[PDB]
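Presented below, as C-alpha cells, is a lone chain in the form solved without its partner chain.
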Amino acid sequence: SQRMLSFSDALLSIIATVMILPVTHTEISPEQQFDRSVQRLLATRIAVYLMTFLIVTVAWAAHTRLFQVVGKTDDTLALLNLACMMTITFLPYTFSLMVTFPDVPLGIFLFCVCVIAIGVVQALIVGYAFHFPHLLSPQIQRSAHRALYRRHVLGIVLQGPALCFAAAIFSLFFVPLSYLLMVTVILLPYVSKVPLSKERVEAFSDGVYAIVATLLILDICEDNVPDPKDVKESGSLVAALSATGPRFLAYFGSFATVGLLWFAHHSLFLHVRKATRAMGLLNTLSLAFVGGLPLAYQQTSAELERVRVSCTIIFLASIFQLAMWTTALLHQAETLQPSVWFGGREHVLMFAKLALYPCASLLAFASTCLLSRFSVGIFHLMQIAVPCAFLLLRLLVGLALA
C-alpha cells in the first residue's frame, strides 16, 4: 500500500535533481578567455537548478500530502499515480523553457499546462477515492465524517491549476508581467491558511543524496575511460589514466562529503519521531544545497577564491541540517526522542555530529586569515576521519567537564 509511494519519491528525487546535470557538465575549464559569459551562464544554470528543485519539491510535497488522505490504494489508483508522476516529470523541462523564453507566452502556457495536468490527475485521484470511501480513505476520520473533506481537498489540490490558468490566460490575451500568479501557486500552501510524513521525507532525502553522491561518477565512467587512442597522445595506460586524476579526486571528495552529510542527516532522522513543518521546509533547502555540492568539489579539485565558494556551499548544505535539528527548542517533546533532548543521553553527540560540517566550513572559510589556501584537503580528511573516532571524543569532554 506504500511501495508505490516509495517508487514515487524515488522517481521525484531524480526529477528534482535532474537540473544539477547542466551545472556539473558546463565547461569547467576556462581555457578560452571568456570567463564572464561562462560565469553568467553558470549562475543562470544554478538559479534554474534551485528553482526547479524547489518547484519539484513543492509538487512532491503536494503529491505526498494528497496520498496522506488516501490510505489504501487500488490498481486504478496506481495507474493514476503513474499518470500523475509522468505529468510532474515534465516540470523541469517546461520550467527551463519558460525561463529561457520569458516574453514568449508559449513557455508560460506550456508550464501551466504542465501544472494543471498534474492538478487534474490529482483531482481525479480524489474524485475516485471519495467515490469509493469505505475502502480507500485513510482511517475512521477521513472516511467517517461529514465528508466535506471532499470539497476541502478538492479546493486545496485544484487551486494551483486554477490559479495559474489565470496566468496562462494573462500571458497572451493581456500583458504578461503577471509572473506572480505562479509564485502564489507556489506560496499559497504556505501562507494562505495562516506536516510531511517522516518516512516520505526520509525517502526523498535518501534519493537526492544517492543521486548527488554518485553524480560525479555517473560521468567519470561514461566520458573518462581512456579510449585506445592514447597511443597517439606512447602507450602507458597508467599515464593516460593519471590525467583524469583531478576528476577522481573530485569524485572521492564529493562522495565522502555527501556520505558524511547523509550520515548526519540519517542520525538526525533516526531520532526525530514526528517531523514538523519547519523541519521539512529546512530539509528541502538542505537538499537543494547538497545537490549543489558536487559543483563545489569539482571546482575546488580543478586557488583560494574557489575554495571560498566550496566552503560556503558545504556550510549552507550543513547549516540547514543544523537549523532543522535546532528547530526543537519548543518541540523537543513532540518531535525528538528522549535520547537526544536537552541534557539527553546522546544530545552532545547529535549536536556535534550535526555541527561538525558547518564548524569545519567556518574553520576553512577562516583560511582568509592566512595564506595556506589548500588547507581544505587536510580539513576534509579530518572531517571524514572524525565520526569514526568521534563517539569517544565526546565522552572525553563530557567526563572532563567535571
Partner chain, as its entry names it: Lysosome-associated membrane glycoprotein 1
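Residue numbers count along the first chain shown, from 1. Superpose the two forms; the largest set of C-alphas matching within 1.5 Å is the rigid core.
Keep in mind that the form deposited with its partner chain bound is missing from the display, and what follows is about it.
Asks: Heavy atoms within 4.5 Å of its partner chain in the entry with it bound: which stretch among 373 to 381, 29 to 37, 59 to 67, 330 to 338?
Replies: Heavy atoms within 4.5 Å of its partner chain in the entry with it bound occur in 330 to 338.
Asks: Just give me the single entry in 136, 322, 116, 275 that has a non-hydrogen atom within 4.5 angstroms of its partner chain in the entry with it bound.
Replies: Comparing distances to its partner chain in the entry with it bound, the residue within 4.5 Å is 322.
Asks: May I ask you to check whether residue 362 falls inside a 4.5 Å heavy atom distance of its partner chain in the entry with it bound?
Replies: Residue-level check for residue 362: yes, a contact with its partner chain.
Asks: Give a yes/no on whether residue 150 approaches its partner chain to within 4.5 Å in the entry with it bound, heavy atoms considered.
Replies: Heavy-atom contact with its partner chain at 4.5 Å: absent for residue 150.
Asks: Should residue 308 be classed as touching its partner chain in the entry with it bound when contacts are defined as heavy atoms within 4.5 Å?
Replies: Yes.
Asks: Does the 4.5 Å heavy atom contact test between residue 43 and its partner chain in the entry with it bound come out positive?
Replies: Contact check for residue 43: no, nothing within 4.5 Å of its partner chain in the entry with it bound.
Asks: Which residues, if any, of 334 to 369 lie within 4.5 Å of its partner chain in the entry with it bound when only heavy atoms count?
Replies: The stretch touches the partner through 342, 347, 351, 362, 365, 369.
Asks: I want to make sure I read this right: if the two forms are fitted on their rigid core, which of 375, 26, 339, 39 has a C-alpha displacement of 2 angstroms or more between the shown form and the other one?
Replies: Shifted by 2 Å or more: 375 only.
Asks: Superposing on the rigid core, is the Cα displacement of residue 384 between the shown form and the other one 2 Å or more?
Replies: Yes, the C-alpha position differs by at least 2 Å between the shown form and the other one.
Asks: Core aligned, does the CA of residue 10 move at least 2 Å between the shown form and the other one?
Replies: It does not reach a 2 Å shift.
Asks: Rigid core superposed, CA of residue 143 - does it shift 2 Å or more between the shown form and the other one?
Replies: Yes.
Asks: Work out the direction of the Cα-Cα change for residue 214 and residue 377 in the entry with it bound: closer or farther than in this form? It's 3 angstroms or more.
Replies: The answer is farther, because the C-alphas of residue 214 and residue 377 separate from each other in the entry with it bound by 3 Å or more.
Asks: Just say closer or farther for the C-alpha distance from residue 353 to residue 383 in the entry with it bound, relative to the shown form; it changes by 3 Å or more.
Replies: More distant in the entry with it bound, by 3 Å or more.
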